[PDB]
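Q: Just dropping this structure here.
Just so it is clear, none of the values below were taken in a lab; they were calculated from the coordinates. All Cβ positions, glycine included, derive from the backbone under ideal geometry; neighbour counts span all protein chains shown.
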Amino acid sequence: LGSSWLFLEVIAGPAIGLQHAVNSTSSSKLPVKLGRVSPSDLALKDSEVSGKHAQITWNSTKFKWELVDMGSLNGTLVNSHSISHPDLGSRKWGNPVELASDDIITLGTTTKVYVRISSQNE
């Protein structure tokens with residue numbers, strides 16, 4: 001580790017108090033996993049998310065941070081905007097949406113996680 005830093009915090013769900021962060025130098029450990037019950041990184045045990053709603057993974061090539069919607073039954077809205085669950089019946093995995101500092105995700109009825117991204121001079 002040692003490059004950049006992303007931090008997230010569950011603001012309203014059946015697990016208020018879960019936070020997720022990682023460095024831009026993390027490879028197979030970076031891709032976060034927000035979900036109800038599973039190997040996911042955030043435990044949002046809300047019926048809205050059968051198992052996993054969404055996650056995050058970014059690129060250091062174009063320095064971009066985007067999240068995806070794994071079977072977005074309820075849907076994952078970024079900054080109050082359904083960016084990856086635009087098609088219900090489709091339940092498509094969706095394409096990675098780029099998140100930003102001060103953003104906000106909602107993968108259910110009220111489960112909303114704060115999106116923060118800060119650097120680190122090491």
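Q: Quick one: how many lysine pairs in the chain have C-alpha atoms under 15 angstrom apart, if they're 8 or more apart or on different chains?
A: The result is 6.
Q: Which Cα, out of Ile104, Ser50, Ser119, lies furthest along the positive dipole direction of region 41-122 (beta carbon charges, K/R +1, D/E -1)?
A: Going by the Cα projections, it comes out as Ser50.
Q: Right, here's the next one. Less than 18 Å from a label point 7 Å out along the Cα-to-Cβ axis of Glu122: which backbone N atoms in region 1-15 qualify, by residue?
A: The answer is 1-8, whose backbone nitrogens lie closer than 18 Å to the label point.
Q: Pull up all non-local amide H partners of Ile83: gap of 5 or more, or a different chain, and H-to-H distance under 5 Å with H placed in the peptide plane.
A: Excluding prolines and chain starts, which carry no amide H, the hits are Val78.
Q: Shifting gears a bit: Which residue, chosen from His20, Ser72, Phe7, occupies the Cα position most advanced towards the positive end of the dipole of the chain, where the dipole is computed from +1 (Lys, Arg) and -1 (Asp, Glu) charges on Cβ about the Cα centre?
A: My answer, from the dipole projection, is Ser72.
Q: Something else about it: So if I place +1 on the C-beta of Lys and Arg and -1 on the C-beta of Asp and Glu, and nothing else carries charge, what would the dipole magnitude of the chain be about its Cα centre? I want it in debye, nearest 20. Intermediate results must be reported in sequence, preceding the final value.
A: Details: 11 positive and 11 negative charges, 57 e Å.
Here the size comes out at about 280 debye.
Q: While we're here: Output ³J(HN,Hα) for region 112-121: one whole-Hz value per residue in order, computed from phi by the Karplus curve 6.51 cos²θ - 1.76 cosθ + 1.60 with θ = phi - 60°, and x for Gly and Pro.
A: 10, 10, 6, 9, 10, 9, 10, 8, 7, 8
Q: Continuing with the same structure: Which whole-number percentage describes the relative contact order of the chain, with Cα contacts under 8 Å and a sequence gap of 6 or more?
A: The value is 26 percent.
Q: Just to check I understand the Karplus step: with θ = phi - 60° and J = 6.51 cos²θ - 1.76 cosθ + 1.60, what whole-Hz values come out for region 7-12, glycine and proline as x?
A: Values, residue by residue: 9, 10, 9, 5, 9, 7 Hz.
Q: Could I ask something else about it? How large are Rg and Dmax for the chain when calculated on the C-alpha trace, in angstrom?
A: When restricted to the Cα atoms of the chain, Rg and Dmax are 13.4, 46 Å.
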